[PDB]
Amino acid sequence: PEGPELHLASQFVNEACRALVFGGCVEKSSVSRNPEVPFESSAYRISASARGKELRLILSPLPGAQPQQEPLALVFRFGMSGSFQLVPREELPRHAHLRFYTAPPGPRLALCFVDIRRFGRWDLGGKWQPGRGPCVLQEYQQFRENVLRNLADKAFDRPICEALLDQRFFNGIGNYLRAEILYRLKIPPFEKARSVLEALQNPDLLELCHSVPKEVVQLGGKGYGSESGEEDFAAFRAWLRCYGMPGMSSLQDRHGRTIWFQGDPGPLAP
C-alpha cells in the first residue's frame, strides 16, 4: 500500500463507520509484536485521516460513555500487506491483528487491521512520524517546496528512482508510483536525483508525484470499493503503464528493490 491506498483506507473507515458505534476493548491478536491499545469505552466512534503513507484513527467516546475518557489517536503504517476491513464479528479474517467491535443494537461487526505479513506498525498517540515530509496528495505546495529548498541534502546525490522512495521528501510515493511517474516523463531511473530537479528552481516531475497518485485515488477500489475484490485488481492493473508490465526493463537499485522502466537505465545503474 502507497499513498493512494492509505487515502482510500482512510475514506473507507469514515464512510463505513459514519453511522457505527463501537464499545468494549481494542482487541489485538496474540501474535502481533505491536503495542496493546489501552482504551475501553461503552460507546465511541472511529474516524480516520491520511498523510502520505500513514493513517491516523481517532477513538472518540460518546457523551456519558463510561469510563470518562479523552479521545485516543493511533497512527498506522500498513507495510506491504496492511488493510482495514469491516467484517461480521463471528467471521474475523486470518491476520486480523487489531479489532474494534460494534456495540449493540443491530449486527455485531468488527473493524480489523488485517496484515498478512505483519510489516505494519501502530503507535499510541496520534503524532505523524517525525521526519516524513508533506503528503504528496494533501500538501502539494509544502511537498514541492520541501524538495526544491533541500536539493543540497545527500539524499539527492542518490539516483532519482532511489530518492523518490525517501519518505522525508516523497511521503506516500512507493515502488509502483516511482515506476509509473518516471515512465510518464521517460526520466532514466538512474539519473542523479539532484540533476533531474535542479532544472525546476507540461507537467514536471513534482506535479506528477501528486497528479499520478491522485489518478489512483479517483479510480477508487484497491480493497475498499464495494466491487468484487479481484475486479478492483483488474482495473488498477489496466491503469499501470510500466510496473511489472510485459516488455519493460527492470533493475535492482542499491537497496535491492525492482525499479521498472522503458529504454535507457541511466548513468548510475548497477
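Each residue number is its position in the shown sequence, starting from 1.
Just how many deposited residues go unmodelled from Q201 to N202: none, 1 to 3, 4 to 9, or 10 or more? In the record, 10 or more residues between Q201 and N202 lack coordinates.
Using only C-alpha atoms and the B-factors in the entry, which stretch averages higher, 221-229 or 62-70? Result of the comparison: 221-229.
Looking only at CA atoms, which has the higher mean B factor in the entry: 104-112 or 121-129? If you average the C-alpha B-factors of 104-112 and of 121-129, the larger mean comes out for 104-112.
Name the one of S195, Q85, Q138, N171 with the greatest CA B-factor according to the PDB entry. Among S195, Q85, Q138, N171, the PDB entry lists the largest C-alpha B-factor for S195.
Comparing recorded Cα B-factors across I46, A235, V216, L205, which one is largest? That would be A235.
Check where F190 lands among this chain's C-alpha B-factors and tell me if it's the lowest, middle or highest third. Highest third of the chain for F190's C-alpha B-factor.
Ranking the modelled residues of this chain by C-alpha B-factor as given in the entry, is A19 in the lowest, middle or highest third? Middle third - that is where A19 ends up once the chain's C-alpha B-factors are sorted.
Can you tell me whether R178 has a C-alpha B-factor in the lowest, middle or highest third compared with the other modelled residues of the same chain? Bottom third by C-alpha B-factor.
Within-chain third of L165 by Cα B-factor, per the entry: Its C-alpha B-factor, which the entry lists for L165, ranks in the lowest third among residues of this chain.
Among the modelled residues of this chain, does the Cα B factor of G52 put it in the lowest, middle or highest third? For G52, the deposited C-alpha B-factor lands in the lowest third.
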